[PDB]
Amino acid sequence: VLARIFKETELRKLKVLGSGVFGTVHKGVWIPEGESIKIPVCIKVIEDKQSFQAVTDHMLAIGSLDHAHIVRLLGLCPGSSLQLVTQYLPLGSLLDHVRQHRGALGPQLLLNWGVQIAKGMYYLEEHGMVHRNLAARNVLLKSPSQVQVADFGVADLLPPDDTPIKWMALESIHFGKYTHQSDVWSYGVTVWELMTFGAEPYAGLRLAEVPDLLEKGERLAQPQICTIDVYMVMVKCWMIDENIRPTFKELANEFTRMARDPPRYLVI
């Protein structure tokens, strides 16, 4: 239960990669202990929109976590803006990956990722950490076959302020309430994104409408490559009652069970 603090003079930003809802991610280098060294790192810049001088208890909570399937926060740099420092993964997003390669991907390989994501979210659930922004953009490739959940708990760094709405559980939209169960919903839309080779969820619809549609219980369409067995996994994630939504434990089970005989549960 500790997080490393990085002196400002240790970090250097080379290039910007992009920016999401809360921050701005920069490709950078890390130079520790005066003597020259060059460690490739990713630096995410988060600002209030008051100061980030001072470490909160939640910042340490993020800092402590370490799992084979999550993106570990190597360190933290306070200042006017908060600088979150992680390792740089050249292979990038799972979302942009499935788009580019699509169905060419292994039906076996694509199932393993469902398992690998669930294992990570389990690790987060275990240490009582609510991700609050799970999505395909947030799942990253550490290795051609290996993925890691990124961007956990960033949302809880900033005061309640206001599109992740396509990834939120209905009670999160209605009550601004986030649980481990609410992320389970987000896991659902995620898996969906994958099975659709990176299709945009609720495409070409108005955001105001979105609460209505899933409330009417029409929900997401069945992805082209998914058998009813894999599709129902997702459907249980979007059940209005959270206490009937599956745990990440069970989700790791159902996918690994399907992973034994890959083409039975998915098809080109």
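Residue numbers here begin at 1 and follow the sequence given.
Figure legend: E193 is marked as modelled in all of the other comparable entries of the protein, none of which omit it, let alone a third. Gaps at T163 occur in at least a third of the other compared entries of the protein that contain both adjacent residues. Per the record, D162 and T163 are separated by 4 to 9 deposited residues that have no coordinates. Going from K49 to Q50, you skip over 1 to 3 residues of the deposited sequence that the entry leaves unmodelled.
Stretches compared: 211-219, 51-59. Higher mean C-alpha B-factor in the entry: 211-219. As recorded in the PDB entry, 28-36 is the stretch of 64-72 and 28-36 with the greater mean C-alpha temperature factor. Taking the PDB entry at face value, the top CA B factor among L17, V21, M258, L14 belongs to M258.
Residue-level temperature factors show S81 in the lowest third of its chain, judged at the C-alpha atom. Among all modelled residues in its chain, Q100 ranks in the highest third by Cα B-factor. In this PDB entry, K236 carries a Cα temperature factor that places it within the middle third of its chain's modelled residues.
Per the PDB record, residue ranking by Cα B-factor puts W167 in the lowest third of the chain.
The entry lists a Cα temperature factor for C42 that places it in the middle third of the chain's modelled residues.
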